[PDB]
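An overview of the molecular structure
So the chains spell out like this:
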Amino acid sequence: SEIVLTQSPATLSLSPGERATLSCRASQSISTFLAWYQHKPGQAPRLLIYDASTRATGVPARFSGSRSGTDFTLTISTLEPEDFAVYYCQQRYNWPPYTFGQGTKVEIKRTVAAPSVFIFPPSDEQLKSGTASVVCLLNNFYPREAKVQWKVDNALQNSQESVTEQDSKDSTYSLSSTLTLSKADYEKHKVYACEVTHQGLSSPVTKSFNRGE
Amino acid sequence: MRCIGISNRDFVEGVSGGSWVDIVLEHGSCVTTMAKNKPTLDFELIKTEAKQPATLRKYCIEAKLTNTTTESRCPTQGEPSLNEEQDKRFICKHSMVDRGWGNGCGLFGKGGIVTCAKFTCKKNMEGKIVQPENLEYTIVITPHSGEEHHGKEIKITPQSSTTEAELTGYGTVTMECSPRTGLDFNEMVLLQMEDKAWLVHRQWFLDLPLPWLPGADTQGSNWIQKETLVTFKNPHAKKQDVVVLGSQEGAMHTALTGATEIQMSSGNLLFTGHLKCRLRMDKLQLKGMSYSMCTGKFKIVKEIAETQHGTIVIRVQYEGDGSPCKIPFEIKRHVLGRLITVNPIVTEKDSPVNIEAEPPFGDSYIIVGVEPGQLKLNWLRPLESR
Amino acid sequence: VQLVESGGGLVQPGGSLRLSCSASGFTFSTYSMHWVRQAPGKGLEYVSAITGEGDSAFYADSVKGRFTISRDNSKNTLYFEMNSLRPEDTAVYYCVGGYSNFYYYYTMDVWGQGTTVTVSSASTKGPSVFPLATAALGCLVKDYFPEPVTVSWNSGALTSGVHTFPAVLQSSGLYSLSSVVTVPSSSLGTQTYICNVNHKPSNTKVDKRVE
Ligand SMILES: *[C@@H]1O[C@H](CO[C@@H]2O[C@@H](C)[C@@H](O)[C@@H](O)[C@@H]2O)[C@@H](O[C@@H]2O[C@H](CO)[C@@H](O[C@@H]3O[C@H](CO[C@H]4O[C@H](CO)[C@@H](O)[C@H](O)[C@@H]4O)[C@@H](O)[C@H](O[C@H]4O[C@H](CO)[C@@H](O)[C@H](O)[C@@H]4O)[C@@H]3O)[C@H](O)[C@H]2NC(C)=O)[C@H](O)[C@H]1NC(C)=O
């Protein structure tokens, strides 16, 4: 039968120096045949532990592996900044497929920081093209979780969002929200607003402009 | 430690007193050796190689005819000729055809014809003469160090039969291997066909009716006896035809059934060789026989597993601090079973140890370490019916 | 000890492609070789494997049928001759290898750097760059294909406070992203701000002033 590996938690938020505990659950006994990888974006996945508890060549001692039936644990004692990555478990039991877990993201825990918000109207340059793009920027917030909704003439809305990777030095995130409309639909409305909801904000923050500036 | 997991495994124990111990190594067979107060060692024949092989003859088993060329002459105008008749890569034949006005002759009669075609070999087999003494063997000696399944490679030949091999931390082991394989290379030819190979009678080999190149011919194209795979047909005096006779590959395999087959795993001679060796262990010593007994507690890293030969494998980790130190091991109150991984030692607390032991028939107690938390594990080796 | 992959690129749906993986620093024949892929925003998917000797092959159902794993031990190369490509096979493909003594099994591995395979019908198209006029400003880099695009500010002079957002695929099948920067309000009258956008696949180089 098919072996599924289940990783928990999806995201693990900790501070450097803390102890990280990552779990991987096999759908059936896979004995001791479990491997752990560290995956940094823009890097090849790196083997850390194999056979549940064996450290690979050159892998530092802060990385520990343990088993208890179908439940496996990856422990990192003194978290260092370069240990902030995505961790995957992999089964090497019997015969292929040697499937992977869905991954656990180990993220830096930082003080809550509210997003500083900015709204940009479509450029004069762009409207000439028959399309309008209205952009909302949510800058340097923490935690990652944020909600942004668009209101045109106060009617909730045609938008796509993108988030940066956790900042290397201040440990924050930034988000772009882009509202797309035809110049025709854009010209038949006046007020354009971006309403942001975040942990670090007592009440929603709104930024808006009037198309008649 | 290599033998652990190999089904074709032998447990050879040295006769109480006598330093020597006789073993038999073969491909896909492992050997475990034990002697009182001597380390347990694992032997495996990793490769057999025929060196300095003199090609006797090379045969064509599949051919192709290309570059067909014909020349004819009108009646009474003599015999035709092609330059190809002097090219030794070409097979030629002279015949007679009906000539006349309708085929470009002033006269009506039998005009001479000549057909030439280029004989090209598509598949061959070479017969090699191998000197028995030129047969190199590669033996791997792995000590029972408790470390994961470290091995000293050693090369022997029926001439250089006796070699002393040094094992880092265990001393030296004298090996005296016999030129007594199940292989009489004398009047035998090592017939090699692609990835298959066999050992066959010399006269049979030379008597094969196939095109050949002599041992002497330096990657020649002048195949002797081309006729054996080529046929010329001219039944109605209208045309001469040249025809290839079709692959003798399967035919050869069939002819070679009642022959000693040799296998070729990863393109090398990995069959029919078996080496009868003698082993002197007087210069061998138990590693860490000077280390003190472990004081701390032990943990069971992997559930105790039974091997195909009734022996058991225990992977354990040291929790105490005495390391490097001797692991206390025993198999109620009185000693019962024997240890395979003799003088088990810890090198680092972090690195677990694999101990192989033979439990006794029925219920037994595997006791690892010393108190407190001295592991008292239970085994059941049931008896077997016919 | 290394694995170098190549052959990744843009392919049209229903289309075909062949990936290579050149092995160095070890006896290539002694290693079971494997192909692992990662689609954008998804996890690692173990897709196929081949014996050290080339004898036998394994394929995950996700690829079984369309993809064929093969290897040349003389040329030290692993191949993922991948035919019948679909948009869902868009991913970074990694080759992995491990010393194997039994079929496809391994303990310690070796990974290549990856090769991106894009399966899409959209044509190569340059971006349209618009300005997004403490103050914040930026550039909207809209409707380009394929990835990647590079954005710099004042030709690399402005680095501090820059946030170039990951590209997002539109329903159009074209990408769009924004690059922003925060600066003192006082500097808006004293410093010129120009984003330098370069979409090498379409030979598009654009410098836009944000004011
Ligand atoms: C006998 O017939 C030969 C061809 O036979 C036919 O085709 C094959 C497939 C048979 O099974 C059968 O069906 C037919 O009867 C004929 O061969 C010709 O020989 C010349 C050399 O004498 C070859 O020329 C060299 O070609 C290479 C590259 O050409 C390749 O092209 C394609 C793609 O790979 C293949 O299809 C070809 O087979 C070739 O492999 C050149 O690089 C090379 O140049 C250099 O060497 C020459 C010296 O030969 C120098 O003078 C130059 O300056 C260069 O430095 C040659 O030009 C030719 O390829 C080949 N033809 C074919 C189609 O094979 C041969 O003439 C006949 N043999 C005899 C003994 O009569």
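Residues numbered from 1 in each chain as written, not as in the entry; some residues may be left out. Chains lettered and ligands numbered in written order. Heavy atoms only, no water.

- Method of determination for the deposited model, per the PDB record: X-ray crystallography, at 3.00 Å resolution.

1. Re the domain arrangement of chain C
Residue and element names in this part refer to chain C.
- What the domain assignment lists for chain C is domain 1 (1–121) and domain 2 (122–211).
- Here the C-alpha centroids of domain 1 and domain 2 sit 35 Å apart.
- At the interface, four residues of domain 1 touch four residues of domain 2.
- Taken together, both faces of the contact between domain 1 and domain 2 bury some 310 Å²; the carbon and sulfur share is 56%.
- The largest per-residue losses of area from domain 1 upon contact with domain 2 belong to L10, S120 and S121, which jointly make up 81% of the total buried on that side. (Domains from an automatic or database assignment. Contact = heavy atoms within 4.5 Å. Buried area = accessible area lost by both parts, 1.4 Å probe.)

2. Brief notes about the sheet that holds strand β28 (residues 362–368) of chain B
All names here are of chain B.
- Spatially, the three strands line up as an open sheet ordered β24-β28-β29, and their pairing is antiparallel. Where the open sheet ends on each side, the last strands, each with one partner, are β24 (329–330) and β29 (375–381).
- One ladder, built from seven bridges, connects β28 with β29; its direction is antiparallel. Counterpart to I367 in the pairing with β29 is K376. (Pairing = 2+ DSSP bridges. Helix = DSSP H or I, 4+ residues; strand = E, 2+ residues; numbered from the N terminus.)

3. Describing the packing of aromatic side chains
- By the definition in use, this model includes 28 aromatic pairs over all chains.
- Ring centres of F26 of chain C and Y31 of chain C lie 4.0 Å apart, and the angle between their planes is 25°; on these two criteria the pair is classed as stacked. As far as the burial class goes, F26 of chain C and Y31 of chain C line up, both buried.
- Here the basic side chain of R57 of chain B rests over the ring of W212 of chain B, its NZ or CZ set 3.7 Å away from the ring centre.
- Over the aromatic face of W20 of chain B sits the side chain of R278 of chain B, whose NZ or CZ is 4.3 Å from the ring centroid. (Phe/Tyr/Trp six-rings, centres within 6.5 Å; stacked < 30°, edge-to-face > 60°. Buried < 20%, exposed > 50% of the residue type's maximum accessible area, 1.4 Å probe, protein only. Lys NZ or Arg CZ within 6 Å of the ring centre and 35° of its normal.)

4. What about the site of the ligand?
- Close to the ligand lie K64, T66, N67, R89 and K118 of chain B, which account for all nearby residues.
- Burial of the ligand by the protein amounts to 14% of the accessible area it has alone, namely 1200 Å². (Near = heavy atom within 4 Å. Areas by Shrake-Rupley, 256 points an atom, 1.4 Å probe, with all protein chains shown as cover.)

5. Points about the domain arrangement of chain A
Residues and elements named next belong to chain A.
- What the domain assignment lists for chain A is domain 1 (1–110) and domain 2 (111–213).
- For domain 1 and domain 2, the distance between their C-alpha centres works out to 37 Å.
- Counting from both sides, the interface comprises six residues of domain 1 and, opposite them, ten residues of domain 2.
- Taken together, both faces of the contact between domain 1 and domain 2 bury some 700 Å²; the carbon and sulfur share is 42%.
- Looking only at domain 1, the three residues that lose the most surface to domain 2 are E107, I108 and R110, adding up to 86% of its buried area.
- Our count for the domain 1 to domain 2 interface comes out at four residue pairs in polar contact.
- Here the side of domain 1 that touches domain 2 gets three residues from one element, more than from any other, and that element is strand β10 (residues 104–108).
- In the side of domain 1 that touches domain 2, the residues fall into one nonpolar, one polar and four charged. (Polar contact = N/O pair within 3.5 Å; in protein donor to acceptor, adjacent residues only side chain to side chain. Nonpolar A, V, L, I, M, F, W, Y, C, P; charged D, E, K, R; others polar.)

6. Regarding the sheet that holds strand β20 (residues 274–280) of chain B
All names here are of chain B.
- A sheet is described by the order of its strands in space; here four strands give the open sequence β2-β20-β11-β10, paired in antiparallel fashion. Two strands close off the open sheet at either side, each with one partner strand: β2 (20–26) and β10 (162–167). Sheet twist, expressed as the mean angle between neighbouring strand axes with direction ignored, is 30°.
- Strand direction decides the pairing type here: β10 and strand β11 (residues 171–177), joined by six bridges, are antiparallel. Each residue of the ladder has a partner; that of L167, found in β11, is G171. (Axes fitted to C-alpha atoms, helices over the stretch in contact; angles between N-to-C directions.)

7. A look at the interface of chain A and chain C
- If you look at the interface, chain A gives 43 residues, while chain C gives 40 residues.
- Put simply, chain A and chain C have two salt bridges between them.
- With its nearest N and O atoms 3.7 Å apart, the salt bridge here joins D109 of chain C to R92 of chain A.
- Where chain A touches chain C, the interface holds ten residue pairs in polar contact. (Salt bridge = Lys/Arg side-chain N within 4 Å of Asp/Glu carboxyl O.)

8. Brief notes about empty space enclosed by the protein
- Roughly 50 Å³ of volume is contained in the largest cavity.
- Lining the largest cavity are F33, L34, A35, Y50, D51 and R92 of chain A together with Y105, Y106 and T107 of chain C.
- Within the lining of the largest cavity, the residues separate by chemical class into six nonpolar, one polar and two charged. (1 Å grid on protein atoms, 1.4 Å probe; cavity = no way out; pocket = protein on both sides within 12 Å on 5 of 7 lines; lining within 4 Å. Points joined across faces, edges and corners; volume = space filled by probe spheres on them.)

9. Some thoughts on the nonpolar core
- Residues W36 and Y87 of chain A together with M33, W35, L78, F80 and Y93 of chain C are the most contacted members of the largest nonpolar core, which totals 74 residues.
- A50, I154, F185 and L199 of chain B belong to the second largest nonpolar core, which has 35 residues in total. (Core = buried A, V, L, I, M, F, W, Y, C linked by side-chain atoms within 4.5 Å.)

10. Overview of unusual backbone geometry
- Here the amide bond leading from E371 of chain B into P372 of chain B is cis, since omega sits at 0°, within 30 degrees of zero.
- On the secondary structure map, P372 of chain B appears in the loop between β28 and β29.
- A positive phi is found at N94 of chain A, a non-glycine position, where the angle reads about 60°.
- Along the chain, the position of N94 of chain A falls in the loop between β9 (86–91) and β10.
- Residue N343 of chain B is not a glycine yet carries a positive backbone phi of 50°.
- With respect to the secondary-structure elements, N343 of chain B resides in the loop between β25 (338–339) and β26 (345–346).

11. Considerations on the pairing of strand β8 (residues 135–143) of chain B
Residues and elements named next belong to chain B.
- Where burial is concerned, most of β8 is hidden: nine out of the nine residues are buried.
- Where burial is concerned, the two faces of β8 agree: the one with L135, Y137, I139, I141 and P143 and the one with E136, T138, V140 and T142 are both buried.
- Pairing of β8 with strand β9 (residues 152–156), which is carried by five bridges, proceeds in the antiparallel orientation. Note that in β9 the partner of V140 across the bridge is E153.

12. Re the state of the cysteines
Residues and elements named next belong to chain A.
- What the rule picks out here adds up to ten disulfides over all chains.
- Two residues, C136 and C194, share a disulfide whose sulfurs are 2.0 Å apart. Taking the sign of the S-S torsion, about -80° here, the bridge from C136 to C194 comes out left-handed. Residue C136 shares its accessibility class with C194, and that shared class is buried. (Disulfide = S-S within 2.5 Å.)

13. Regarding the side chain of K47 of chain B
Residue and element names in this part refer to chain B.
- Inspection of the secondary structure puts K47 in strand β4 (residues 38–50).
- The class for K47 is buried, based on a relative accessible area of 18%.
- Reaching out from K47, the side chain makes a polar contact with the side chain of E136 at a distance of 3.4 Å.
- Not counting the four nearest positions on each side in its chain, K47 is found in contact with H27, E136, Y137, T138, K155, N268 and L270.

14. Overview of the environment of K155 of chain B
All names here are of chain B.
- Of note, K155 is situated in strand β9.
- C-alpha separation for the pair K155 and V313, spaced 158 residues apart in sequence, amounts to 31 Å.
- Excluding residues that lie within four positions of it along the chain, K155 makes contacts with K47, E136, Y137, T138, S160 and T163.
- Of the polar contacts made by the side chain of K155, one reaches the side chain of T138; its length is 3.2 Å.

15. Looking at the pattern of salt bridges
- Under the counting rule described, the total for this entry stands at 38 salt bridges over all chains.
- A salt bridge links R62 of chain A to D83 of chain A, with the nearest nitrogen and oxygen atoms 2.7 Å apart. One end of the pair, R62 of chain A, is in the loop between β6 (54–55) and β7 (63–68); the other, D83 of chain A, is in the loop between β8 (71–76) and β9, with 21 residues separating them in the sequence.
- By relative accessible area, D83 of chain A is classed as buried at 1%.
- The salt bridge partner of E176 of chain B is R280 of chain B, with a shortest N-O separation of 2.8 Å. A residue pair is termed long-range when its members are at least 10 positions apart, and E176 of chain B in strand β11 and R280 of chain B in strand β20 qualify at 104 residues.
- When salt bridges that share partners are traced, they join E13, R338, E358 and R381 of chain B into one network.

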